[PDB]
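Trainee: pasting the sequence and an experimental structure:
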Amino acid sequence: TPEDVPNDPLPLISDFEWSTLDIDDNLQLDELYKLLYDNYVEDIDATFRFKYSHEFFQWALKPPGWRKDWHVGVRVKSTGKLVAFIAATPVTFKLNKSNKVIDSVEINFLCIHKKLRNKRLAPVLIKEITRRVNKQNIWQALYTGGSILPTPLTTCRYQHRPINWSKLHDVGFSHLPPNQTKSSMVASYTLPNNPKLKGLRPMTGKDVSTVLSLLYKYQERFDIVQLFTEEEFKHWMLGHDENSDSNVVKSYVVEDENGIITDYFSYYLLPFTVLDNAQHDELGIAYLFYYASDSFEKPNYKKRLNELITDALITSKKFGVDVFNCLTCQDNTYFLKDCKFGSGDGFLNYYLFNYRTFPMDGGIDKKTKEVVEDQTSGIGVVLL
Ligand SMILES: Cc1c(C(=O)c2nccn2C)oc2cccc(OCCCNCc3cccnc3)c12
């Protein structure tokens, strides 16, 4: 190409047709819900379902600067049924080593009907969202998932911090180690009911300006981070709006005796559903989002980094969280071990579409794929 006559054969008719979704129309947002609730991953064992919420979608999929045309779905011509979806959300990331800002997107929510796998549909979905994205002059992309596509940035591993061990054991998630005691393990995980750190309080739209700077100076230690604007950060830490508490994302700051912000952390909530259980049908879960501390240069860093995350946990209880989850990215390996974070079983792979760059650290010993204490990781961004 360019050619007089295309060399390869042309497409044959299909039973599916492209349909851009409108999460503004509650009727469609409802379909998206059903699609994900019925065919999206979960625990390998198979007994869990993400508990999406109308309030979670507005948060996750409508960051400032979002586009509808990036919400692509595939429906069946006959019945109209929505059988696939893939979304793209605007994000600005930067490499700290080579110093470069790259306005790109975050490919998320790739989903195909449980009974439509093995049709090479997945790939078709990507090249498409990409085609649309490439139309806005963006040429790179971030995504996480199966070790399918080659040349991944790095690999991180799951970590689970049991807040309500018992309930977890009921659902068959956490297993009781060789000779111990349900009653005893419950203590090994027990935590206070109040944040140890003083000057700790929820964040507000007034702390954005500040916190963003604190963050911007903390991430310097990673090879790839995210660069938010003021309207963006607010959204991602505060929710649709400040004048109305977000039930999805929780953020907190710590002030000193002078009224200055020295630390901060955030985390989001997205529970599970316990199926064939006669006790409960909802597992509270929180994912560690972004955080920061100006003590990184100080010598007490890690000591502080542990208190900080430990308070974040004590707060997770006011929301029904039964397990606190995070990966091995960022400087998490500093607080894992001592906070009683349990090593998981799942692995995540980060990808950067159309852009070569040195592989970074995932936080795990590349050989045993097991966690490695105090080891700053290249990955300093968090994707849902
Ligand atoms: C997934 C997940 C799980 C679990 O499945 C889990 N925890 C307790 C019991 N189970 C079965 O545990 C994690 C630990 C770290 C990061 C994680 O995931 C990080 C990525 C999260 N994506 C969530 C998401 C958001 C929007 C759409 N789909 C998925 C996870």
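Mentor: The structure has been received and is ready for your questions. Numbers count the residues shown, from 1 in each chain.

Trainee: pull up the gap between the closest residue to residue 96 other than its chain neighbours and residue 376, please.
Mentor: Leaving out its chain neighbours, the residue that sits closest to residue 96 by C-beta to C-beta, 6 or more residues apart in numbering is residue 223, at 5.8 Å. Bear in mind the C-beta positions are built from the backbone N, C-alpha and C, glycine included. Shown here: residue 223 relative to residue 376, a distance of 10 Å by C-beta to C-beta, to the nearest Å.

Trainee: those two: who's more crowded?
Mentor: When residue 223 and residue 376 are compared for neighbours, residue 223 comes out ahead with 22 against 17, by other C-beta atoms under 10 Å.

Trainee: can you name the next helix or strand after the helix or strand residue 309 falls within?
Mentor: Using DSSP states H and E, residue 309 sits in helix 301-316. Where DSSP H and E defines the elements, the next helix or strand beyond helix 301-316 is strand 321-326.

Trainee: just to revisit the earlier point, does the residue nearest to residue 96 really touch residue 380, like I thought?
Mentor: Yes - contact status for residue 223 versus residue 380: in contact at 7.4 Å, counting by C-beta atoms under 8 Å.

Trainee: anything in contact with each of the two?
Mentor: Overlap of the contact sets of residue 223 and residue 380 (by C-beta atoms under 8 Å, 6 or more residues apart in numbering) is empty.

Trainee: and residue 298, what does it touch?
Mentor: So residue 298 contacts residue 304 (C-beta under 8 Å, 6+ apart).

Trainee: apologies, that question was intended for residue 331.
Mentor: 221, 305, 376, 377.

Trainee: quick one: the last one and the ligand, what's the gap?
Mentor: From residue 377 over to the ligand the distance is 14 Å, taken as C-beta to the nearest ligand atom, to the nearest Å.

Trainee: could you measure from residue 285 over to the ligand?
Mentor: Taken as C-beta to the nearest ligand atom, the span from residue 285 to the ligand is 6 Å.

Trainee: swap in residue 211?
Mentor: 23 Å.

Trainee: pretty sure that residue belongs to a helix, no?
Mentor: Yes - under DSSP: H, G, I helix; E, B strand; the rest coil, residue 211 sits within a helix.

Trainee: wait, doesn't it sit right on residue 264?
Mentor: Yes - in this structure residue 211 lies within contact range of residue 264 using C-beta under 8 Å: 5.4 Å.

Trainee: the more surrounded of those two?
Mentor: Between residue 211 and residue 264, counted using other C-beta under 10 Å, the more crowded position is residue 264 (26 against 21).

Trainee: does that one belong to a helix, a strand or coil?
Mentor: strand.

Trainee: ok, and the closest non-adjacent residue to it?
Mentor: In space, residue 264 is closest to residue 253, 4.5 Å off (C-beta to C-beta, 6+ apart).

Trainee: what are the bridge partners for that neighbour, then?
Mentor: residue 201, residue 264 (DSSP bridges).

Trainee: need the max-distance pair from the contacts of residue 331.
Mentor: 305 and 377 (13.5 Å; C-beta to C-beta).

Trainee: residue 348 reaches residue 156, doesn't it?
Mentor: Yes - assessed by C-beta under 8 Å, residue 348 is found in contact with residue 156 at 5.0 Å.

Trainee: so what sits against both of these two?
Mentor: residue 327.

Trainee: settle it for me: which of these two has more neighbours?
Mentor: Comparing residue 348 with residue 156 by other C-beta under 10 Å, the one with more neighbours is residue 156, at 25 against 21.

Trainee: give me the three-state assignment for the more buried one.
Mentor: strand.

Trainee: hmm, it is touching residue 350, no?
Mentor: Yes - assessed by C-beta under 8 Å, residue 156 is found in contact with residue 350 at 7.3 Å.

Trainee: picking up where we left off before, so for residue 211 and residue 264, which residues contact both of them?
Mentor: Applying C-beta under 8 Å, 6+ apart, one finds that residue 211 and residue 264 are jointly contacted by 203, 253, 292.

Trainee: am I right that the last one sits in a helix?
Mentor: Right, residue 292. No - Residue 292: not assigned to a helix; according to three-state DSSP it is strand.

Trainee: identify the residues contacting the residue nearest to residue 96.
Mentor: 95, 96, 97, 358, 360, 378, 379, 380.

Trainee: which non-adjacent residue is nearest residue 53?
Mentor: Nearest one to residue 53, counting by C-beta to C-beta, 6+ apart, is residue 248 at 7.4 Å.

Trainee: would you mind measuring from the one you found to the ligand?
Mentor: Counting by C-beta to the nearest ligand atom, the gap from residue 248 to the ligand is 11 Å.

Trainee: how about the contacts made by that residue?
Mentor: 53, 55, 56, 59, 60, 239, 268, 269, 270.

Trainee: among these, name the buried ones.
Mentor: 56, 59, 60, 239, 268, 269, 270 (16 or more other C-beta atoms under 10 Å).

Trainee: now the phi/psi pair for the fourth one, please.
Mentor: This means residue 239. Here is the backbone geometry of residue 239 (degrees, to the nearest 10): phi 100, psi 170.

Trainee: nearest residue to it other than its sequence neighbours?
Mentor: residue 246 (2.4 Å).

Trainee: got the domain ranges for the protein?
Mentor: Using curated CATH domains, the domain parsing of the chain gives 1-139, 140-384.

Trainee: and the last one, end to end?
Mentor: This points to domain 140-384. 18 Å (C-alpha to C-alpha, to the nearest Å).

Trainee: before we move on, the earlier item: of all the contacts of residue 331, which comes closest to the ligand?
Mentor: Checking the contacts of residue 331 against the ligand with C-beta to the nearest ligand atom, the nearest one is residue 377 at 14.2 Å.

Trainee: wait, the closest one touches residue 359, no?
Mentor: No - applying C-beta under 8 Å, one finds residue 377 not in contact with residue 359, separated by 11.7 Å.

Trainee: okay, those two: which has more neighbours?
Mentor: More crowded of residue 377 and residue 359, by other C-beta under 10 Å: residue 377, with 24 against 14.
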